[PDB]
file input-v7.pdb (PDB, C-alpha atoms)
MODEL        1
ATOM      1  CA  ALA A   1      24.617 -31.883 131.881  1.00  0.00           C
ATOM      2  CA  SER A   2      25.802 -28.289 131.586  1.00  0.00           C
ATOM      3  CA  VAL A   3      23.440 -25.366 131.035  1.00  0.00           C
ATOM      4  CA  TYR A   4      24.766 -24.710 127.518  1.00  0.00           C
ATOM      5  CA  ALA A   5      24.455 -28.449 126.726  1.00  0.00           C
ATOM      6  CA  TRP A   6      21.306 -29.233 128.697  1.00  0.00           C
ATOM      7  CA  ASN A   7      20.116 -32.836 128.685  1.00  0.00           C
ATOM      8  CA  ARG A   8      17.102 -33.144 126.369  1.00  0.00           C
ATOM      9  CA  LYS A   9      14.624 -35.988 126.882  1.00  0.00           C
ATOM     10  CA  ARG A  10      11.329 -36.806 125.168  1.00  0.00           C
ATOM     11  CA  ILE A  11       8.416 -38.332 127.095  1.00  0.00           C
ATOM     12  CA  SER A  12       5.403 -39.855 125.328  1.00  0.00           C
ATOM     13  CA  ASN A  13       3.331 -43.046 125.058  1.00  0.00           C
ATOM     14  CA  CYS A  14       3.216 -43.531 128.833  1.00  0.00           C
ATOM     15  CA  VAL A  15       1.396 -42.185 131.912  1.00  0.00           C
ATOM     16  CA  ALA A  16       2.503 -39.062 133.796  1.00  0.00           C
ATOM     17  CA  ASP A  17       1.739 -38.570 137.501  1.00  0.00           C
ATOM     18  CA  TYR A  18       2.620 -35.039 138.635  1.00  0.00           C
ATOM     19  CA  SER A  19       0.685 -35.402 141.906  1.00  0.00           C
ATOM     20  CA  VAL A  20       3.640 -37.084 143.621  1.00  0.00           C
ATOM     21  CA  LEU A  21       6.005 -34.418 142.270  1.00  0.00           C
ATOM     22  CA  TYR A  22       3.786 -31.587 143.529  1.00  0.00           C
ATOM     23  CA  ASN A  23       3.316 -33.250 146.934  1.00  0.00           C
ATOM     24  CA  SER A  24       7.003 -34.199 147.234  1.00  0.00           C
ATOM     25  CA  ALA A  25       7.825 -30.723 148.642  1.00  0.00           C
ATOM     26  CA  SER A  26      11.530 -31.380 147.956  1.00  0.00           C
ATOM     27  CA  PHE A  27      11.680 -28.809 145.125  1.00  0.00           C
ATOM     28  CA  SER A  28      12.599 -25.216 145.945  1.00  0.00           C
ATOM     29  CA  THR A  29      10.814 -23.698 142.928  1.00  0.00           C
ATOM     30  CA  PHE A  30       7.783 -25.028 141.017  1.00  0.00           C
ATOM     31  CA  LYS A  31       7.000 -22.115 138.702  1.00  0.00           C
ATOM     32  CA  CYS A  32       4.905 -22.165 135.539  1.00  0.00           C
ATOM     33  CA  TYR A  33       2.488 -20.723 133.043  1.00  0.00           C
ATOM     34  CA  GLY A  34      -0.011 -21.903 130.460  1.00  0.00           C
ATOM     35  CA  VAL A  35      -1.019 -24.663 132.872  1.00  0.00           C
ATOM     36  CA  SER A  36      -1.925 -24.471 136.551  1.00  0.00           C
ATOM     37  CA  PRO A  37       0.465 -26.062 139.072  1.00  0.00           C
ATOM     38  CA  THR A  38      -2.334 -28.513 139.896  1.00  0.00           C
ATOM     39  CA  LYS A  39      -4.922 -30.140 137.592  1.00  0.00           C
ATOM     40  CA  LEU A  40      -2.257 -32.040 135.620  1.00  0.00           C
ATOM     41  CA  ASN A  41      -3.967 -35.402 136.187  1.00  0.00           C
ATOM     42  CA  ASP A  42      -6.912 -34.714 133.848  1.00  0.00           C
ATOM     43  CA  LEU A  43      -4.792 -33.010 131.160  1.00  0.00           C
ATOM     44  CA  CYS A  44      -2.501 -34.369 128.477  1.00  0.00           C
ATOM     45  CA  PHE A  45      -0.939 -33.237 125.214  1.00  0.00           C
ATOM     46  CA  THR A  46       1.044 -34.591 122.268  1.00  0.00           C
ATOM     47  CA  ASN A  47       4.499 -34.863 123.848  1.00  0.00           C
ATOM     48  CA  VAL A  48       6.639 -33.762 126.791  1.00  0.00           C
ATOM     49  CA  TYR A  49      10.101 -32.208 126.480  1.00  0.00           C
ATOM     50  CA  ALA A  50      12.394 -32.321 129.522  1.00  0.00           C
TER      51      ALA A  50
ATOM     52  CA  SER B   1     -31.076 -10.206  89.917  1.00  0.00           C
ATOM     53  CA  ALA B   2     -34.396  -8.363  89.573  1.00  0.00           C
ATOM     54  CA  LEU B   3     -34.814  -8.314  93.374  1.00  0.00           C
ATOM     55  CA  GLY B   4     -31.378  -6.937  94.195  1.00  0.00           C
ATOM     56  CA  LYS B   5     -32.524  -4.921  97.210  1.00  0.00           C
ATOM     57  CA  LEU B   6     -33.996  -7.845  99.164  1.00  0.00           C
ATOM     58  CA  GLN B   7     -31.078 -10.107  98.245  1.00  0.00           C
ATOM     59  CA  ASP B   8     -28.620  -7.400  99.308  1.00  0.00           C
ATOM     60  CA  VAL B   9     -30.386  -6.945 102.658  1.00  0.00           C
ATOM     61  CA  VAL B  10     -30.373 -10.706 103.269  1.00  0.00           C
ATOM     62  CA  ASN B  11     -26.701 -10.930 102.278  1.00  0.00           C
ATOM     63  CA  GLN B  12     -25.750  -8.076 104.616  1.00  0.00           C
ATOM     64  CA  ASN B  13     -27.615  -9.686 107.520  1.00  0.00           C
ATOM     65  CA  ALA B  14     -26.002 -13.067 106.825  1.00  0.00           C
ATOM     66  CA  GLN B  15     -22.556 -11.470 106.516  1.00  0.00           C
ATOM     67  CA  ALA B  16     -22.963  -9.660 109.842  1.00  0.00           C
ATOM     68  CA  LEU B  17     -24.130 -12.863 111.541  1.00  0.00           C
ATOM     69  CA  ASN B  18     -21.241 -14.855 110.050  1.00  0.00           C
ATOM     70  CA  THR B  19     -18.754 -12.171 111.102  1.00  0.00           C
ATOM     71  CA  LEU B  20     -20.073 -12.324 114.670  1.00  0.00           C
ATOM     72  CA  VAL B  21     -19.878 -16.133 114.604  1.00  0.00           C
ATOM     73  CA  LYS B  22     -16.277 -16.003 113.362  1.00  0.00           C
ATOM     74  CA  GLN B  23     -15.358 -13.364 115.953  1.00  0.00           C
ATOM     75  CA  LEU B  24     -16.733 -15.676 118.652  1.00  0.00           C
ATOM     76  CA  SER B  25     -13.550 -17.746 118.131  1.00  0.00           C
ATOM     77  CA  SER B  26     -10.890 -15.017 118.345  1.00  0.00           C
ATOM     78  CA  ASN B  27      -7.989 -15.170 120.794  1.00  0.00           C
ATOM     79  CA  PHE B  28      -8.329 -11.492 121.825  1.00  0.00           C
ATOM     80  CA  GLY B  29      -4.828 -11.686 123.298  1.00  0.00           C
ATOM     81  CA  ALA B  30      -5.623 -14.754 125.412  1.00  0.00           C
ATOM     82  CA  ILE B  31      -3.746 -18.058 125.358  1.00  0.00           C
ATOM     83  CA  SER B  32      -6.692 -19.772 123.629  1.00  0.00           C
ATOM     84  CA  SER B  33     -10.059 -18.939 122.089  1.00  0.00           C
ATOM     85  CA  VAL B  34     -11.775 -21.879 123.835  1.00  0.00           C
ATOM     86  CA  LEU B  35     -13.019 -21.009 127.313  1.00  0.00           C
ATOM     87  CA  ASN B  36     -13.376 -24.644 128.422  1.00  0.00           C
ATOM     88  CA  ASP B  37      -9.721 -25.386 127.653  1.00  0.00           C
ATOM     89  CA  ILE B  38      -8.617 -22.369 129.703  1.00  0.00           C
ATOM     90  CA  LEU B  39     -10.808 -23.434 132.625  1.00  0.00           C
ATOM     91  CA  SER B  40      -9.617 -27.055 132.453  1.00  0.00           C
ATOM     92  CA  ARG B  41      -5.976 -25.991 132.024  1.00  0.00           C
ATOM     93  CA  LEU B  42      -5.265 -22.789 133.976  1.00  0.00           C
ATOM     94  CA  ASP B  43      -5.447 -21.707 137.614  1.00  0.00           C
ATOM     95  CA  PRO B  44      -8.442 -19.622 138.783  1.00  0.00           C
ATOM     96  CA  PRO B  45      -6.619 -16.234 138.939  1.00  0.00           C
ATOM     97  CA  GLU B  46      -5.021 -16.480 135.510  1.00  0.00           C
ATOM     98  CA  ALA B  47      -8.129 -18.265 134.228  1.00  0.00           C
ATOM     99  CA  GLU B  48     -10.309 -15.346 135.322  1.00  0.00           C
ATOM    100  CA  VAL B  49      -7.985 -12.688 133.883  1.00  0.00           C
TER     101      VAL B  49
ENDMDL
END

call {"tool": "encode", "arguments": {"input": "input-v7.pdb", "output": "structure tokens"}}
result
Amino acid sequence: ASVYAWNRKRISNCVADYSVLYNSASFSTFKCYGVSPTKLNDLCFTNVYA
Amino acid sequence: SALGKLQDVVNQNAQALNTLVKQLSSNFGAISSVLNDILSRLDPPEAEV
């Protein structure tokens, strides 16, 4: 979708594997704060908003 | 209340101790007041700052 109408998705009640995303190396920018780029396998929270 | 001095001293000591205990759990500008959560959530450079 467009930037002013960005597609909003909610992720919960499942299992998230960010190791494949981090090791994919097909993403130009992987930039973030509050959580390290790694160490997402042993962490989880209430919900995910995409 | 015939021993107001001793009770006051005890109350002041307890209040100081409780204030220190409460201040143990202050953010101090950080993302969280729990050190373990920061260490288990954040990368070593930002974790150490």

call {"tool": "residues_around", "arguments": {"input": "input-v7.pdb", "residues": "residue 35 in chain A", "least_positions_apart": "4", "cutoff": "10 Å", "atoms": "all atoms listed in the file", "output": "MDAnalysis selection string"}}
result
(chainID A and resid 39:40 43) or (chainID B and resid 38:43 46:47)

call {"tool": "closest_residue", "arguments": {"input": "input-v7.pdb", "among": "A:25, A:12, A:18, A:32", "to": "residue 46 in chain A", "atoms": "all atoms listed in the file"}}
result
A:12

call {"tool": "resolve_selection", "arguments": {"input": "input-v7.pdb", "expression": "the PyMOL selection byres ((chain A and resi 22) around 12)", "output": "MDAnalysis selection string"}}
result
chainID A and resid 17:21 23:31 36:41

call {"tool": "closest_residue", "arguments": {"input": "input-v7.pdb", "among": "B:49, B:21, B:31, B:14", "to": "chain A", "atoms": "only C-alpha atoms"}}
result
B:31

call {"tool": "atom_distance", "arguments": {"input": "input-v7.pdb", "atom1": "CA of residue 37 in chain B", "atom2": "CA of residue 47 in chain A"}}
result
17.5 Å

call {"tool": "atom_distance", "arguments": {"input": "input-v7.pdb", "atom1": "CA of residue 45 in chain B", "atom2": "CA of residue 25 in chain B"}}
result
22.0 Å

call {"tool": "atom_distance", "arguments": {"input": "input-v7.pdb", "atom1": "CA of residue 50 in chain A", "atom2": "CA of residue 8 in chain A"}}
result
5.7 Å

call {"tool": "build_atoms", "arguments": {"input": "input-v7.pdb", "residues": "range 19-45 of chain A", "atoms": "N, CA, C and O atoms", "output": "JSON list (two decimals), in the coordinates of the input"}}
result
[["chain", "number", "residue", "atom", "x", "y", "z"],
["A", 19, "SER", "N", 1.17, -35.58, 140.54],
["A", 19, "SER", "CA", 0.68, -35.40, 141.91],
["A", 19, "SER", "C", 1.77, -35.70, 142.93],
["A", 19, "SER", "O", 1.91, -34.98, 143.93],
["A", 20, "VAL", "N", 2.56, -36.75, 142.70],
["A", 20, "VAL", "CA", 3.64, -37.08, 143.62],
["A", 20, "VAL", "C", 4.73, -36.02, 143.57],
["A", 20, "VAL", "O", 5.34, -35.69, 144.60],
["A", 21, "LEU", "N", 5.01, -35.48, 142.38],
["A", 21, "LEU", "CA", 6.00, -34.42, 142.27],
["A", 21, "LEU", "C", 5.56, -33.16, 143.00],
["A", 21, "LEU", "O", 6.36, -32.51, 143.69],
["A", 22, "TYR", "N", 4.29, -32.78, 142.85],
["A", 22, "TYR", "CA", 3.79, -31.59, 143.53],
["A", 22, "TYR", "C", 3.77, -31.77, 145.04],
["A", 22, "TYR", "O", 4.09, -30.84, 145.79],
["A", 23, "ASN", "N", 3.40, -32.96, 145.51],
["A", 23, "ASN", "CA", 3.32, -33.25, 146.93],
["A", 23, "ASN", "C", 4.65, -33.68, 147.53],
["A", 23, "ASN", "O", 4.72, -33.91, 148.74],
["A", 24, "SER", "N", 5.70, -33.80, 146.71],
["A", 24, "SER", "CA", 7.00, -34.20, 147.23],
["A", 24, "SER", "C", 7.56, -33.15, 148.18],
["A", 24, "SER", "O", 8.19, -33.48, 149.19],
["A", 25, "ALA", "N", 7.37, -31.87, 147.86],
["A", 25, "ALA", "CA", 7.82, -30.72, 148.64],
["A", 25, "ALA", "C", 9.34, -30.66, 148.77],
["A", 25, "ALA", "O", 9.86, -29.93, 149.63],
["A", 26, "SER", "N", 10.07, -31.41, 147.95],
["A", 26, "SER", "CA", 11.53, -31.38, 147.96],
["A", 26, "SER", "C", 12.10, -30.44, 146.91],
["A", 26, "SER", "O", 13.33, -30.36, 146.76],
["A", 27, "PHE", "N", 11.25, -29.72, 146.18],
["A", 27, "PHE", "CA", 11.68, -28.81, 145.12],
["A", 27, "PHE", "C", 11.54, -27.37, 145.61],
["A", 27, "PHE", "O", 10.47, -26.98, 146.10],
["A", 28, "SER", "N", 12.62, -26.60, 145.48],
["A", 28, "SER", "CA", 12.60, -25.22, 145.94],
["A", 28, "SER", "C", 11.63, -24.36, 145.13],
["A", 28, "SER", "O", 10.88, -23.56, 145.70],
["A", 29, "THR", "N", 11.63, -24.52, 143.81],
["A", 29, "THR", "CA", 10.81, -23.70, 142.93],
["A", 29, "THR", "C", 10.01, -24.59, 141.99],
["A", 29, "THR", "O", 10.57, -25.48, 141.35],
["A", 30, "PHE", "N", 8.70, -24.35, 141.93],
["A", 30, "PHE", "CA", 7.78, -25.03, 141.02],
["A", 30, "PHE", "C", 6.99, -23.92, 140.33],
["A", 30, "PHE", "O", 5.89, -23.58, 140.77],
["A", 31, "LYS", "N", 7.54, -23.35, 139.26],
["A", 31, "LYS", "CA", 7.00, -22.12, 138.70],
["A", 31, "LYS", "C", 6.62, -22.30, 137.24],
["A", 31, "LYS", "O", 7.44, -22.78, 136.44],
["A", 32, "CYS", "N", 5.38, -21.91, 136.89],
["A", 32, "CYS", "CA", 4.90, -22.16, 135.54],
["A", 32, "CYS", "C", 3.66, -21.44, 135.09],
["A", 32, "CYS", "O", 2.91, -20.84, 135.87],
["A", 33, "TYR", "N", 3.47, -21.51, 133.76],
["A", 33, "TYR", "CA", 2.49, -20.72, 133.04],
["A", 33, "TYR", "C", 1.90, -21.56, 131.92],
["A", 33, "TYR", "O", 2.50, -22.54, 131.46],
["A", 34, "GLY", "N", 0.71, -21.16, 131.48],
["A", 34, "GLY", "CA", -0.01, -21.90, 130.46],
["A", 34, "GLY", "C", -0.84, -23.01, 131.07],
["A", 34, "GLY", "O", -1.93, -23.33, 130.58],
["A", 35, "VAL", "N", -0.33, -23.61, 132.14],
["A", 35, "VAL", "CA", -1.02, -24.66, 132.87],
["A", 35, "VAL", "C", -0.89, -24.37, 134.36],
["A", 35, "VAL", "O", 0.14, -23.86, 134.82],
["A", 36, "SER", "N", -1.95, -24.67, 135.11],
["A", 36, "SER", "CA", -1.92, -24.47, 136.55],
["A", 36, "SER", "C", -0.94, -25.44, 137.19],
["A", 36, "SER", "O", -0.64, -26.50, 136.63],
["A", 37, "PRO", "N", -0.40, -25.10, 138.37],
["A", 37, "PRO", "CA", 0.46, -26.06, 139.07],
["A", 37, "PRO", "C", -0.23, -27.37, 139.38],
["A", 37, "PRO", "O", 0.40, -28.44, 139.32],
["A", 38, "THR", "N", -1.52, -27.33, 139.70],
["A", 38, "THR", "CA", -2.33, -28.51, 139.90],
["A", 38, "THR", "C", -3.09, -28.83, 138.61],
["A", 38, "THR", "O", -2.84, -28.24, 137.55],
["A", 39, "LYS", "N", -4.03, -29.77, 138.69],
["A", 39, "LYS", "CA", -4.92, -30.14, 137.59],
["A", 39, "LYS", "C", -4.14, -30.71, 136.40],
["A", 39, "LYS", "O", -4.55, -30.59, 135.25],
["A", 40, "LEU", "N", -3.00, -31.36, 136.67],
["A", 40, "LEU", "CA", -2.26, -32.04, 135.62],
["A", 40, "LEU", "C", -2.71, -33.48, 135.41],
["A", 40, "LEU", "O", -2.29, -34.11, 134.44],
["A", 41, "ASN", "N", -3.55, -34.01, 136.30],
["A", 41, "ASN", "CA", -3.97, -35.40, 136.19],
["A", 41, "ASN", "C", -4.99, -35.60, 135.08],
["A", 41, "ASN", "O", -5.00, -36.65, 134.43],
["A", 42, "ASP", "N", -5.86, -34.62, 134.85],
["A", 42, "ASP", "CA", -6.91, -34.71, 133.85],
["A", 42, "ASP", "C", -6.53, -34.07, 132.52],
["A", 42, "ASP", "O", -7.38, -33.94, 131.64],
["A", 43, "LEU", "N", -5.27, -33.67, 132.37],
["A", 43, "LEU", "CA", -4.79, -33.01, 131.16],
["A", 43, "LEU", "C", -3.67, -33.82, 130.52],
["A", 43, "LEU", "O", -2.86, -34.44, 131.21],
["A", 44, "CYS", "N", -3.63, -33.79, 129.19],
["A", 44, "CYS", "CA", -2.50, -34.37, 128.48],
["A", 44, "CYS", "C", -2.43, -33.77, 127.08],
["A", 44, "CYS", "O", -3.41, -33.25, 126.55],
["A", 45, "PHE", "N", -1.24, -33.87, 126.49],
["A", 45, "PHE", "CA", -0.94, -33.24, 125.21],
["A", 45, "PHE", "C", -0.16, -34.23, 124.35],
["A", 45, "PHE", "O", -0.06, -35.42, 124.66]]
